[PDB]
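Scope of the values below: all heavy atoms of this structure, side chains included, with no hydrogens, waters or symmetry mates. Every chain is numbered from 1, with letters handed out A, B, ... down the list of sequences.
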There are 2 protein chains.
Amino acid sequence: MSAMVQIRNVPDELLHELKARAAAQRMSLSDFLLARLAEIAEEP
Amino acid sequence: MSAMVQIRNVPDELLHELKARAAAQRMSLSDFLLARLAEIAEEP
């Protein structure tokens with residue numbers, strides 16, 4: 001099973017930087033963030 | 001100025017791992033993920 005996760009108080013500048021990084025990898029913001037969080041969780 | 005981010009279909013296994021990491025650092029999941037998003041955005 002799975003759930004939608006909401007991150008509050010993301011500053012405008014930060015959100016635009018993340019959207020640019022997602023687009024550079026030719027991904028949705030959600031897909032990009034999911035993949036990075038999965039990489040973070042996989043390392044000690 | 002601030003914005004909501006939505007991450008869809010975070011698998012339970014991964015969400016449990018993130019919640020544990022946030023709690024270990026005495027942070028809300030949202031504040032922990034805001035810190036990680038800022039690290040992602042910062043790197044070359």
Trainee: Roughly how far, to the nearest 0.5 Å, is CD1 of A:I40 from CG of B:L18?
Mentor: 8.0 Å
Trainee: Donor-acceptor check, side chain of B:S30 to backbone of A:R8, threshold 3.5 angstrom: yes or no?
Mentor: yes
Trainee: Taking side chain to side chain contact (heavy atoms under 4.5 Å, CB included) as the criterion, tell me which of A:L29, A:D31, A:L33 meets it with B:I7.
Mentor: A:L33
Trainee: With a 4.5 Å cut-off on side-chain heavy atoms, are A:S2 and B:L14 touching?
Mentor: no
Trainee: Quick one: do A:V5 and B:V5 satisfy side-chain contact (heavy atoms from CB on, under 4.5 Å)? Show the steps, please.
Mentor: CA-CA 8 Å; A:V5 170; B:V5 162; over 6 Å; no
Trainee: Does this structure show an ion pair linking A:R36 with B:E43, if we count only N-O contacts that are shorter than 4.0 Å?
Mentor: yes
Trainee: Against chain B, label A:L15 side chain, backbone, both or neither, depending on which of its atoms sit under 4.5 Å from a heavy atom there.
Mentor: side chain
Trainee: For the candidates B:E42, B:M1, B:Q6, which exhibits the highest count of non-hydrogen atom pairs separated by less than 4.5 Å from chain A?
Mentor: B:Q6
Trainee: Can you tell which part of A:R21 gets under 4.5 Å to a heavy atom of chain B, answering side chain, backbone, both or neither?
Mentor: side chain
